[PDB]
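Before any questions on binding or motion, here is one chain by itself as structure tokens, the form deposited without the ligand.
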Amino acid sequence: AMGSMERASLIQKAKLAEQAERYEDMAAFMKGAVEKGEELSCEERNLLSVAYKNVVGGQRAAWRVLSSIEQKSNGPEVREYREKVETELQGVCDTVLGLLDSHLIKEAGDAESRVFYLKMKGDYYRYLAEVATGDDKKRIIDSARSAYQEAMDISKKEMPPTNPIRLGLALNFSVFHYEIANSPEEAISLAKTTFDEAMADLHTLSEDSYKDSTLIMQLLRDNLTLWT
């Protein structure tokens, strides 16, 4: 439905939708921009991520409310409406994963783009895993694992320990270990080593870069405090 709109106009409208807190519109404009086929700049990658994290964040918060109500109840209505929300959440994750596979990851050659998109791949498989059951579910968990692992391998080779994309990746992979993979010790180890290696590299930063890095380090510390 965005095929007839100029790429620059889709980007400009995504930014207006962000100001208006219209995140579903923002996601649809950024999906349109990706579908133009050109690589995304740093700023555009951030627009894409913000738009979908807000859309899926609303769906996840709703699904958690409904799942809690369903668990306490255990007619068909609660299950049906939790399934409705679940299906819509899955469809949003599948859309994001399709954009990453067609063809954002394969054209991303710089570390900062490749790590960003592989982190997104891990996050959206993780959202799929939160609602998955059984052993359809093992393969989804392993997909999230695999994407985070490839992102971490590149990040450790190509980026300084304070780079905010590297930090947010390690933060989200630590959440994956703690919440999805039932590996709280791996979560804690990863958040601690990430925090300590970043601390040791802060001295290399400008005031503004120091502010960006320490903000994410505080999120690692907030987790370690919840987890220990």
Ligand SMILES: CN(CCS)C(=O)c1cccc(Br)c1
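Position 1 is the first residue in the sequence shown; the rest follow in order.
Below, we turn to the form deposited with the ligand bound, even though it does not appear here.
Within this chain, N46 lines the site of the ligand in the bound PDB entry, having a heavy atom no more than 4.5 Å away.
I165 belongs to the set of residues with a heavy atom inside 4.5 Å of the ligand in the bound PDB entry. Within 4.5 Å of some heavy atom of the ligand in the bound PDB entry lies at least one heavy atom of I216.
If you take 113-133 and check each residue for a heavy atom within 4.5 Å of the ligand in the bound PDB entry, you get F116, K119, in sequence order.
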